[PDB]
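Just one chain follows, in the form deposited in one PDB entry, and it is written as C-alpha cells.
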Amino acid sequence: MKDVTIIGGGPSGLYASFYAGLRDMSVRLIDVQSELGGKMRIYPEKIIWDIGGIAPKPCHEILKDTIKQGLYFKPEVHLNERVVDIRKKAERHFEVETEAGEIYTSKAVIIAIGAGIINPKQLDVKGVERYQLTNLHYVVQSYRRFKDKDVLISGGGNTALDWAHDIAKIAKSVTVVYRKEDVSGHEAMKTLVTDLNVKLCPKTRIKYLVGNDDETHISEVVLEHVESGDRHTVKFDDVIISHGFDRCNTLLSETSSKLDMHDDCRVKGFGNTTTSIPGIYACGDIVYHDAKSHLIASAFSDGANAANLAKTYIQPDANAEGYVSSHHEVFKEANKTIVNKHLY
C-alpha cells in the first residue's frame, strides 16, 4: 500500500511530493489537468520575482524546475484524473476515489487542490508571440495602470465582474466578454450594469489576440459570438483573462469525510497543515493557518510540513523533520556527477 496519496499537482503538491520522497515515502500524485503545475499553468510567460532564491525568469521556466523537483524520486503520477471522494477506512488506511471510479489506497492523504479545478484557457495569439506580451493580464490587484484605457475582460465570474467595476472607475471603457455558464452572480452584475462605461457581451468568446509590427502588446482582439459565429475586431489597450475561482465548489463539500473548514471554504489548518482528521493534511492555497501567504513560497513550506506530519503519522517514531539535503545521503551519487561535470 502506498504511503501517501497527494491530491493536486500545483507547486504545493509538487514540493510535498518531493519532500515525501526525501523522507523515503512512496508517493501517488494525482491531478485533473493534462500537465502538472496547477495555477502556474495560467501565467507561463509572466516573470516571477518573489520565489525565494530564484532570480526572475518566466513562470513556465520555473515550473519546469519545480516539476522536475517534484519527480526526483519518481512517484506514481496520475494526470487527467479528478478526485471526487476521500474516505478514511481506518488509521493509516485511506481511500481516494476519482470520477472514473478508480480507487487508490494510501496510509495518508495530502490535499493540495488550491482553489479547485484549474482549466487554463487556450489563447491564440497572432502577429506577436505570447512570451513578450505586456498588456495581457491574468489577475487584477492594482488597477491604476488602467486609467483612461480601453480594457477587455474575459469571463463573467464574480471576481471578474468585481475587477470590471473597480477598473471602470478610472478606465475609458471596459468590455466584458463571457459565456453565461459563468455564474455570473446577481449582485456583482447589478453593481456593474450601472457603470455606463461598461459594455457587457454575453455569449461571446475571444477568438484571436492580435498585435501589429513586432510589438510587445496586444493592439486589437477578434471577438466571436458563440451561437451565431459572427466576428468583429475591437482595439484594446489591455486584455484581462479571468479564470473564475470558487473555493466553495471543490470536492471538500461532498466527500465521505468532512474536514473543519475556514469560513471562506478553505480547509482549517490547526496551526499548520494539520486538519481535523488525523492522516489528512492540507498544503497550499487550500489550507488556512496564521503563517499563510498567498505565495508559491508559502506553498513550498506548506508542502514540507505536510510531508513531515504525514511521515510521523505513518511512522510515529520517525524524526519530526527530514534530513537537510546538503548532507542527505540519498543525493550523494548525483552530487558527484553534478560537481564533476558542473551540471548547473
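In this text, rigid core is short for the largest set of C-alphas that superpose within 1.5 Å between two forms. Shifts are known only where both forms have a C-alpha. We number the residues from 1 along the sequence you see.
- In this entry, 313-321 has the higher mean Cα B-factor, the comparison being between 51-59 and 313-321.
- Just going by the entry, 165-173 versus 203-211 on mean CA temperature factor gives the higher value to 203-211.
- Each of 195, 76, 129, 150 has a CA temperature factor in the record; the biggest one is found at 129.
- For the set 142, 273, 250, 191, the maximum C-alpha B-factor listed in the entry falls on 250.
- When the modelled residues of the chain are ordered by C-alpha B-factor, residue 241 sits in the lowest third.
- Residue 27: CA B factor in the middle third of modelled residues in this chain (values from the PDB entry).
- When the modelled residues of the chain are ordered by their C-alpha B factor, residue 343 lands in the lowest third.
- Compared with the other modelled residues of the chain, the Cα B-factor recorded for residue 158 ranks in the middle third.
- Residue 90: CA B factor lies in the highest third for its chain, per the PDB record.
The next section is about a form of this same protein that is not shown, the form deposited in another entry.
- The residue that stands out in 91, 254, 102, 264 is 264, the single one whose Cα moves by 2 angstroms or more between the shown form and the other one on a rigid core fit.
- Core-superposed comparison between the shown form and the other one: the Cα of residue 138 travels 2 Å or more.
- Relative to the superposed core, residue 274 undergoes a Cα shift smaller than 2 Å between the shown form and the other one.
- Once both forms are overlaid on the rigid core, the distance between the two CA positions of residue 196 between the shown form and the other one is 2 angstroms or more.
- Compared with the form shown here, the C-alpha atoms of residue 208 and residue 33 sit at least 3 Å farther apart in the other entry.
- The Cα-Cα distance between residue 140 and residue 43 is shortened by 3 Å or more in the other entry relative to the form shown here.
- Taking the core as fixed, the parts between the shown form and the other one where three or more residues in a row have CA shifts of 2 Å or more are 120-250, 263-265, 341-344.
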